[PDB]
Each structure stands twice: as structure tokens, then as C-alpha cells.
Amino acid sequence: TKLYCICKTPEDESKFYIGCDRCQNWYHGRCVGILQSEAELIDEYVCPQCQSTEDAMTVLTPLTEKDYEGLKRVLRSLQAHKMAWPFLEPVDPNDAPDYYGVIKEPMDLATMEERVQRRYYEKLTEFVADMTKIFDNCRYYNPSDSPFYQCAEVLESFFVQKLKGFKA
């Protein structure tokens, strides 16, 4: 006799169970929020804890071939965005001296494209960090009511949605 589910109880044949394909434990459908009628519609089942781990590890796993191609498509979508104009290329040292006096880790979409090309990134978190740097640098350097700051707000919102469901 083994103990199963998050509730740690022995098997009761009068209750509905669903098996997790990742950890191989069994769960009462009632304890994990899934009814028999709903279970019929899914091929594999991943329990809540295993799913939380899978969701969290998406940004830490190795970037695959397909991931890299996907990153290129994500960059292309941002590059075509109306609010991406301040972030397409590095700030021109000649248009703006003190920009580089205070930003030592600048970032832009063209530089990110180069980094994706040469596979500088090896985990999604690294790509997301560079993207976030583009927006954080902008918000650090410009007033919140300024067009530059707000473009970062808009594009970051667009970015977050674009990245939904990115990893296989």
C-alpha cells in the first residue's frame, strides 16, 4: 500500500485519480482541480507542482535551435513596432555625449540581434535580461511623462505578451 496525492492518502477505488507523467505520482482529481470529463481532453497530465517547476525552468533551460529562430522572430516583431523607434540602434555617441557618461551597459535591439546571431545567449533568461536592460536604461535616463519613457512602457508590455508560450 502506498500513499498518494498532495493529501497523502491510500488508494480509494471510489475516487477519481489522474497520474502525473513527470513525477509519476497519482492525484485525486478533486485535489488538483480536474474532473474526469476534463481529463478526457488531454493527452499528458502534469500535476500542479510539476507544472510550476516547468513554468519556472522555461527561462533556465538551454536555448534550442528552434528557440534561437523564435528569438529572431521576436526581435523582428519588436523592430517593426511603432514605439520601438528609440531602441532600434545604439544611441549615437555624437548625438548624445552624456548618455554614455551615465549608461555603461547600454543595450538596443540591433545589438541584441547580433547577440542572437552569434548565440551569445544560452538561456532565455539572458535574452530577457538584455531586453529588460533596454527598458530599464530608458526609464532611468528619462522622466516618466516623457515619450521615451512611455515608449519603453508600451514596448515592454508588447514584449511580455509576445513572449507568452515561447518555449516548447
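Numbering starts at 1 and follows the sequence shown.
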{"item": "Stretch with the higher entry mean CA B-factor, where the candidates are 65-73 and 121-129", "value": "65-73"}
{"item": "Comparing 153-161 with 8-16, the one whose average Cα B-factor in the PDB entry is higher", "value": "8-16"}
{"item": "Candidate residues 138, 50, 103, 57, the one whose C-alpha B factor the record puts highest", "value": "103"}
{"item": "Criterion, highest CA B-factor; candidates, 112, 31, 42, 46", "value": "42"}
{"item": "Third of the chain, ranked by Cα B-factor, where residue 84 sits", "value": "lowest"}
